[PDB]
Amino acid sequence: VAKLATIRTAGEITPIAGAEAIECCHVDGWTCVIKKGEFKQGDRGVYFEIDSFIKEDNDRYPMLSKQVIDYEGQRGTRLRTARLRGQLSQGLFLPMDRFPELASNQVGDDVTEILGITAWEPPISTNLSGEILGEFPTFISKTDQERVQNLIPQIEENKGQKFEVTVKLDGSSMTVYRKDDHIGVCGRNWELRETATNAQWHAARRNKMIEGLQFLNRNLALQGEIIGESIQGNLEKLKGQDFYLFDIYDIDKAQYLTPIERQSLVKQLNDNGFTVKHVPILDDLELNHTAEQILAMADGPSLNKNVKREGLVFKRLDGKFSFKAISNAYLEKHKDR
């Protein structure tokens, strides 16, 4: 799920020193550069998040005219992170009156569909497309995570709660599951057939995680990241490819295992000879931070400790509230992200 364009409120407006034709508009946890006086604190507008893809339109989107590209056969512009003169800028914020069809909408409305906004994605890897057996199981949740920048009242409304903190690895999402008399291996969106060349199935056979699911004899989905060579530029500099667990979905109960439930099941697989790796786990965090402070934490060492990580994922210990914080330094170094 993704709310790419929503009606949001201008927060603090701060001057960009040195170039007085523009200023910095805070929008929830984002900072977005605007033409001076275009907005004012409390004004409403449509905010388009980074990774939005906006189709070419020089009457409504003239500020994007020079960034138009061909993506999936369609001409338009990918919104990405920018650093204008030491000023971080992410997203596009346009005043409500450029949108007459939105005059009956309320603050917080998702206007992605009505405005025709779609999501930009990096290209999928070599052997991670594979051969499609069927849909992603409707009885398993996908692994998307909301960004801290969109969770200001929730971060405030989680002060004092404890979180599992893990490193986000930059690969492809992978799900391996048992449902009664079916074991399946999926990518981010499709379930795949086993072939000699499919990467996710190899990773599943390599670490015996299918045998682990048969030992546990439970309807579970093991969810994690497949990383390594020819996957997303192989930031970790691994040789070969491997699965790293970060979540276990309880299919019958339709809920994720808590961090300590997951850690116990991983230990049980471990001493039974099932060698399923887990994403790096850092120290638990007792939350008492702003989104800006969380974002500051996101930069740091990855699984390979000599490289800079994509970011962090935060999972409340009861398993009921999770979010991610992507390193803005990572976004600046990797323009294809």
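From 1 onward, residues are counted along the sequence shown.
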Between 118-126 and 226-234, the record assigns the higher mean Cα B factor to 118-126
Is the mean CA B factor in the deposited entry higher across 260-268 or across 163-171? 260-268
Whose C-alpha has the highest temperature factor in the PDB entry: 253, 78, 147, 205? 253
The residue of 58, 304, 293, 31 with the maximal C-alpha B-factor according to the PDB record is 58
Chain thirds by Cα B factor, record data; residue 325 belongs to the lowest
Please place residue 211 in the lowest, middle or highest third of its chain by C-alpha B factor as given in the entry. lowest
How does the C-alpha B factor of residue 246 compare with the rest of the chain: lowest, middle or highest third? lowest
Among the modelled residues of its chain, the C-alpha B-factor of residue 197 falls in the third labelled highest
Residue 154 - Cα temperature factor, lowest/middle/highest third of chain: lowest
